[PDB]
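> Here's a structure for you.
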Amino acid sequence: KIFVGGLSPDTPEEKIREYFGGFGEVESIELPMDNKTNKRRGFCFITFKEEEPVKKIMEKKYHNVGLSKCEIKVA
């Protein structure tokens with residue numbers, strides 16, 4: 001699974017699968033946590049199936065999505 005620092009108002013899942021799912025079909029994704037009233041730690045993860053694609057994604061911590069290049073620390 002991987003983690004992005006896009007923490008946008010709405011994780012473009014469908015667009016997410018287009019990119020991340022592009023590295024390899026996605027099983028399910030993950031968005032930032034709820035509440036949002038403690039420390040500055042809001043992002044959006046995504047889980048896949050095998051493990052290889054993470055190797056790739058993680059290899060490019062800073063990719064690009066649609067019109068943004070959120071960060072990407074595997075998860």
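Every read-out reported here was derived from the displayed coordinates using simple, explicitly stated rules and does not represent laboratory data. Here the Cβ is made from the backbone with ideal geometry for all residues, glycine too, and neighbour counts use every protein chain on show.
> Does any residue in segment 61-75 that is farther than 17 Å from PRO32 by Cα come within less than 9 Å, Cβ to Cβ, of a residue that is assigned to a loop (DSSP other than H, G, I, E, B) and of a type in the set (D, E, K, R) six or more places away or on a different chain, and which pairs are these?
Once the first residue is farther than 17 Å from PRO32 by Cα and sits in segment 61-75, its partners that are assigned to a loop (DSSP other than H, G, I, E, B) and of a type in the set (D, E, K, R) give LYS61/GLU71; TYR62/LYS69; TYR62/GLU71; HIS63/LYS69; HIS63/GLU71.
> Give the residues of segment 35-55 that are closer than 14 Å to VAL4 by Cα, under 14 Å from the mean Cα position of the chain (by Cα) and of a type in the set (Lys, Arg), sorted by residue number.
Within segment 35-55, no residue meets the criteria.
> Just the residues that are over 9 Å from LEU31 (Cβ atoms) and either touching a residue at least 24 places away in the same chain (Cβ under 8 Å) or within 8 Å of the chain's Cα centre (by Cα) (or both), please, taken from segment 5-17. Step through it out loud before you land on a result.
Start the filter on segment 5-17 by keeping residues that are over 9 Å from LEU31 (Cβ atoms), which leaves 5-6, 8-9, 12, 14-17.
Within segment 5-17, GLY5, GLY6, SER8, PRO12, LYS15, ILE16 meet the criteria.
> With the requirement that a residue be of a type outside the set (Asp, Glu), buried (at least 16 other Cβ atoms within 10 Å of the Cβ) and either more than 16 Å from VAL74 (Cβ to Cβ) or in contact with a strand residue (DSSP E or B) (Cβ under 9 Å, 6 or more places away or on another chain) (or both), what does segment 9-26 give you?
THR11, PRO12, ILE16, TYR19, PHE20, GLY21, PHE23, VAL26
> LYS49: assigned to a loop (DSSP other than H, G, I, E, B), on the phi > 0 side of the Ramachandran plot and of a type outside the set (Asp, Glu), yes or no?
Against the criterion (assigned to a loop (DSSP other than H, G, I, E, B), on the phi > 0 side of the Ramachandran plot and of a type outside the set (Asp, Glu)), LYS49 does not qualify.
> Being touching a residue at least 24 places away in the same chain (Cβ under 8 Å) and either surrounded by 12 or more Cβ atoms within 10 Å (Cβ to Cβ) or out of contact with any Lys or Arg (no Cβ under 6 Å at 6 or more places or on another chain) (or both) is true for just one of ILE2, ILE29. Which residue is that?
Working: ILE29 fails: touching a residue at least 24 places away in the same chain (Cβ under 8 Å).
The match here is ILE2.
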